[PDB]
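A note on names: the letters A, B, ... follow the listed sequences, proteins ahead of strands, and every chain is numbered from 1.
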Protein chains: 2
Amino acid sequence: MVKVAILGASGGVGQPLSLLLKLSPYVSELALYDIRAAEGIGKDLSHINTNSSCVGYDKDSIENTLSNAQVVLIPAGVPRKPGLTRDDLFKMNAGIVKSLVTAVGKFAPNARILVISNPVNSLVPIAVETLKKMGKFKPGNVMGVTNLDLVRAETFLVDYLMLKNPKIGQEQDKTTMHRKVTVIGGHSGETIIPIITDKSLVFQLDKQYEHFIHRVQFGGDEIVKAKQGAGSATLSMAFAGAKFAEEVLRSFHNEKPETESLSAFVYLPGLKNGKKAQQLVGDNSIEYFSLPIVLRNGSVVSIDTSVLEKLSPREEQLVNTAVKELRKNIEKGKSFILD
Amino acid sequence: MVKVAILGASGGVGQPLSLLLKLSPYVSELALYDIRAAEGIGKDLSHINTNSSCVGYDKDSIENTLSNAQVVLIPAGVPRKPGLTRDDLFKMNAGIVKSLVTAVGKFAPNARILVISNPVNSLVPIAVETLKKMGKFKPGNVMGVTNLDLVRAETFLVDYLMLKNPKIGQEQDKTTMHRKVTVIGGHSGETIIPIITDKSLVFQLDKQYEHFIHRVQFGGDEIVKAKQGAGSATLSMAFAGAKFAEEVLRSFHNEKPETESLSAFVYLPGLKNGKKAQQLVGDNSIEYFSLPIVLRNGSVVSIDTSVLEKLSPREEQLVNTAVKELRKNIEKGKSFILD
Ligand SMILES: NC(=O)c1ccc[n+]([C@@H]2O[C@H](COP(=O)([O-])OP(=O)(O)OC[C@H]3O[C@@H](n4cnc5c(N)ncnc54)[C@H](O)[C@@H]3O)[C@@H](O)[C@H]2O)c1
Ligand SMILES: Nc1ncnc2c1ncn2[C@@H]1O[C@H](COP(=O)(O)OP(=O)(O)O)[C@@H](O)[C@H]1O
Ligand SMILES: [Cl-]
Ligand SMILES: [Cl-]
């Protein structure tokens with residue numbers, strides 16, 4: 001009995017995201033919004049025989065969309081095309097995020113905002129600074145959705161074990177690999193830090209360990225390449241988004257998350273153990289990081305810093321490389337709002 | 001565990017259908033095929049952390065797609081769109097289904113073939129007559145997926161009870177309404193026959209009963225209008241197709257179906273109780289109809305005619321209207337192949 005709003009519901013990620021949300025038993029009302037086509041998508045989903053009402057809204061009805069929404073998912077954004085650089089992509093997506101998050105601050109300021117659009121590293125700071133200007137920022141209620149990195153880590157860990165030690169590989173369940181790997185950091189390239197917490201599995205991977213790390217880090221490129229440079233992960237991104245959203249929704253329902261060490265990109269200074277986590281990643285002013293979180297009533301109430309205590313030596317070096325680049329991605333987002 | 005192939009995986013229905021199949025615990029390998037883009041969607045999907053291996057294939061690689069496939073879903077087709085007549089759609093889909101079913105006959109002749117392409121009423125006969133010419137027709141292995149009509153009936157029964165009297169409406173779970181409604185007949189307009197098997201819900205509907213029947217029959221039209229002409233159901237059809245497939249997959253693993261009186265459009269003369277079904281619908285030569293099926297090892301082994309035994313008077317009229325129209329649709333399909 002959570003009301004969920006999806007902003008950007010007609011897009012490549014948004015459609016399958018809206019479908020997976022419609023299937024959740026934790027949702028009572030699903031409201032879909034987009035500048036185009038959301039009413040028809042809503043109507044199509046409304047035929048599905050699960051116990052949630054689903055309505056889509058036209059471009060002028062964002063207030064009806066958001067009214068009393070407890071959770072707001074934002075996969076809105078512009079897709080890559082000829083003549084649009086990564087910096088154009090950034091600037092248009094930053095304008096979209098600014099505008100959507102402003103609307104949340106106006107029409108549903110108590111909502112948990114789950115930012116799915118990319119680049120997360122910069123767009124989450126944009127969301128936070130947009131809300132601070134408005135006096136509507138609650139640190140536990142803004143989460144960058146980084147879960148696709150964990151999902152990839154769980155899948156590739158098993159793929160590399162199959163390839164390397166078939167007997168150990170055959171023993172693994174891709175759906176429970178979160179017990180053995182945790183992914184922290186940012187959401188792009190070398191900001192992504194996969195931490196295998198079971199050292200026997202690091203042993204079993206042998207010389208595939210670095211290939212594994214590279215593959216989780218550059219997973220998105222593998223799809224962009226598989227799609228001839230024309231698109232990126234849509235379906236797996238919608239999957240990872242809905243899986244994270246479900247963990248958030250379970251917390252309204254007094255249920256423990258199914259994912260061990262579930263991570264999200266969050267505002268460290270405003271959250272319990274955030275200071276400790278800044279100390280552990282070796283940068284005392286770094287404002288954002290994806291780390292394990294504890295949810296209560298849909299809100300992040302503290303950061304679990306366990307994983308950072310027990311880091312291997314090589315993991316320490318990944319963390320340092322990530323932090324360097326993440327500081328600049330954070331500042332690029334901050335300066336979009338602060339100028 | 002089960003190998004599944006999807007032919008037409010890149011489309012409107014195909015993509016989210018492929019996503020939902022990727023999530024199934026009954027699937028060991030998922031192979032995706034289309035005239036464009038299947039490699040890239042398969043690769044996207046392959047990052048999802050569920051145990052199936054998922055690979056997409058280029059337009060020249062249907063043999064590799066089909067090789068040792070147990071279940072083949074065919075959401076391939078041309079959907080409704082302005083400027084296309086009913087007859088244009090039939091002819092374009094007929095050729096697509098003939099060609100794909102030929103390829104099943106050649107490369108995976110033991111597969112269960114689930115036709116999602118519309119119009120089901122005519123395209124399933126085309127699939128059957130195509131297989132018959134090749135000597136590769138097994139009656140229990142060719143099913144028209146009509147399941148969206150049951151999905152709509154379960155949804156709309158709850159929505160209409162919720163207006164007529166909230167007290168009974170609220171006691172309903174959409175997800176288990178198949179205990180109270182079964183849909184039979186064909187898959188278009190007035191071929192569609194919703195049978196409320198609980199008489200006390202019929203009572204509670206009062207003069208919404210005819211509105212309910214009509215909404216189930218014309219659900220397709222409702223989405224086309226909500227999408228302003230731009231196709232019909234995509235996401236709800238992917239949901240319905242995945243649900244049906246799952247009942248098929250479940251039967252390989254010796255497990256009871258979760259859907260009471262699950263229906264599909266099947267070839268009556270090749271199946272146990274099909275002669276009895278023909279007599280009950282009042283046409284001793286009708287070759288196809290959508291009725292509750294019993295599955296064993298992914299194949300229909302009998303038809304359950306219970307629902308036809310105690311039809312209301314008014315249900316009797318729906319059945320008679322549907323059979324008239326069905327006979328024509330079936331004969332249109334058969335003539336496509338038989339010239
Ligand atoms: N069973 C139902 O209740 C139901 C409901 C809705 C839609 N449909 C039907 O599903 C079909 C697909 O609809 P859509 O909205 O996905 O259309 P779409 O145009 O979005 O997708 C169709 C896909 O089929 C592909 N295709 C065409 N010919 C092919 C071939 N020979 N081999 C492989 N792929 C081929 C196209 O490349 C495309 O990717 C249509 O027939 C539509 O009428 C059925
Ligand atoms: N200000 C906005 N508010 C809501 N939706 C938006 C806004 N700007 C763009 N969108 C939508 O976001 C969606 C993005 O989807 P798409 O361009 O297919 O790429 P992807 O989901 O892969 O990023 C589109 O449906 C687009 O209309
Ligand atoms: Cl609010
Ligand atoms: Cl075979």
Side-chain angles (χ1 to χ4, degrees), chain B residues 2-8 13 17 21 24 26-27 66 69-77 93 97-98 100-101 104-105 108-132 136-151 178 182-188 191-192 237-252 257-259 261-274 277 286-305 307 326 329-330 333:
Chain B
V2 188
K3 176 178 158 155
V4 174
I6 304 187
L7 319 180
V13 172
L17 177 72
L21 266 296
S24 173
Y26 298 100
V27 177
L66 289 174
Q70 297 168 293
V71 179
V72 178
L73 314 183
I74 307 173
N93 288 338
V97 171
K98 179 168 136 88
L100 297 172
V101 164
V104 179
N110 298 294
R112 316 317 182 272
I113 306 162
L114 274 48
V115 182
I116 285 158
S117 321
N118 262 323
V120 165
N121 293 356
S122 302
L123 297 181
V124 165
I126 286 169
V128 174
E129 293 303 321
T130 289
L131 290 165
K132 278 181 184 176
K136 293 302 183 338
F137 175 50
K138 184 176 152 165
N141 288 10
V142 184
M143 289 165 255
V145 188
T146 51
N147 202 41
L148 189 52
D149 305 335
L150 171 62
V151 162
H178 48 81
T182 298
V183 181
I184 68 180
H187 201 44
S188 174
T191 63
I192 296 163
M237 177 64 230
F239 169 78
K243 286 297 208 170
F244 186 73
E246 199 82 327
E247 299 301 358
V248 175
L249 292 177
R250 193 171 266 131
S251 79
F252 276 92
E258 66 160 43
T259 300
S261 305
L262 188 81
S263 296
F265 193 77
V266 295
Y267 184 72
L268 301 180
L271 295 166
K272 184 172 173 194
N273 298 308
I286 196 162
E287 295 196 291
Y288 303 77
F289 215 83
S290 176
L291 292 170
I293 49 153
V294 179
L295 290 154
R296 178 41 174 282
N297 205 49
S299 296
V300 180
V301 291
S302 55
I303 290 168
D304 173 354
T305 54
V307 67
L326 260 177
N329 306 155
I330 292 161

Give the minimum heavy-atom separation between [X] and [Y], together with the two atoms involved.
| X | Y | result |
| --- | --- | --- |
| B/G274 | B/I303 | CA-CD1, 4.1 Å |
| B/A277 | B/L291 | CB-CD1, 3.6 Å |
| B/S302 | B/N273 | CB-ND2, 3.9 Å |
| B/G77 | B/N93 | CA-OD1, 3.1 Å |
| B/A69 | B/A5 | CB-CB, 4.0 Å |
| B/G241 | B/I116 | CA-CD1, 4.4 Å |

### Trace of the side chain to side chain contact (heavy atoms under 4.5 Å, CB included) decision for B/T146 with B/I192
CA-CA 9 Å; B/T146 51; B/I192 296 163; over 6 Å; no

Closer than 3.5 angstrom, by distance alone: can the side chain of [X] be matched with the main-chain N or O of [Y] as a donor-acceptor pair?
| X | Y | answer |
| --- | --- | --- |
| B/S251 | B/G298 | yes |
| B/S290 | B/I184 | no |
| B/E247 | B/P257 | no |

### Task
Anything under 30° is parallel, anything over 60° is perpendicular, the rest tilted; go ahead and classify B/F265 against B/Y288.
parallel

Kindly compute the distance separating [atom1] ([X]) from [atom2] ([Y]), expressed to the nearest 0.5 Å.
| X | Y | atom1 | atom2 | answer |
| --- | --- | --- | --- | --- |
| B/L66 | B/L100 | CG | CG | 8.5 Å |
| B/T130 | B/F137 | OG1 | CZ | 11.0 Å |
| B/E246 | B/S24 | CD | OG | 3.5 Å |
| B/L17 | B/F239 | CG | CZ | 12.0 Å |

#### Entry: Residues which pass side-chain contact (heavy atoms from CB on, under 4.5 Å) with B/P109, listed by chain and number, not counting sequence neighbours
B/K136

### Message
According to side-chain contact (heavy atoms from CB on, under 4.5 Å), who are the partners of B/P119, at least two apart in sequence or on a separate chain?
### Response
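Per chain and number, B/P119 pairs via side-chain contact (heavy atoms from CB on, under 4.5 Å) with B/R86, B/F90, B/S122, B/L123.
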
### Task
Evaluate the side chain to side chain contact (heavy atoms under 4.5 Å, CB included) criterion for residues B/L21 and B/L73: first the C-alpha distance (whole Å), next the side-chain angles of each, then the deciding distance (0.1 Å), finally the verdict.
CA-CA 10 Å; B/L21 266 296; B/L73 314 183; 3.9 Å; yes

### Query
Does B/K243 NZ have over 12 foreign heavy atoms under 6.0 Å away?
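No - once you tally the heavy atoms of other residues, nucleotides and ligands closer than 6.0 Å, there are 12 at most.
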
Do [X] and [Y] have side chains that get closer than 4.5 Å, going by heavy atoms?
| X | Y | result |
| --- | --- | --- |
| B/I113 | B/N141 | no |
| B/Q70 | B/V4 | no |
| B/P75 | B/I6 | yes |
| B/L268 | B/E287 | no |
| B/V142 | B/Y267 | no |
| B/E258 | B/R250 | yes |
| B/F252 | B/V71 | yes |
| B/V300 | B/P139 | no |

Name all residues meeting the side chain to side chain donor-acceptor pair (under 3.5 Å) criterion together with [X]; count only those two or more places apart in sequence or in a different chain, and write none if there are none.
| X | value |
| --- | --- |
| B/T191 | B/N121 |
| B/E129 | B/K132 |
| B/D149 | B/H187 |
| B/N110 | none |

### Message
Hydrogens and angles aside, do B/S299 and B/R112 bring a side-chain donor and acceptor to less than 3.5 Å of each other?
### Response
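Yes, B/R112 and B/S299 have a side-chain donor paired with an acceptor closer than 3.5 Å.
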
### Task
Decide side chain to side chain contact (heavy atoms under 4.5 Å, CB included) for B/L131 and B/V104; before the verdict, give the C-alpha distance in whole Å, the side-chain angles of both, and the deciding distance to 0.1 Å.
CA-CA 9 Å; B/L131 290 165; B/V104 179; 5.6 Å; no

### Task
Show your reasoning for whether side chain to side chain contact (heavy atoms under 4.5 Å, CB included) applies to B/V115 and B/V145.
CA-CA 6 Å; B/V115 182; B/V145 188; 5.9 Å; no

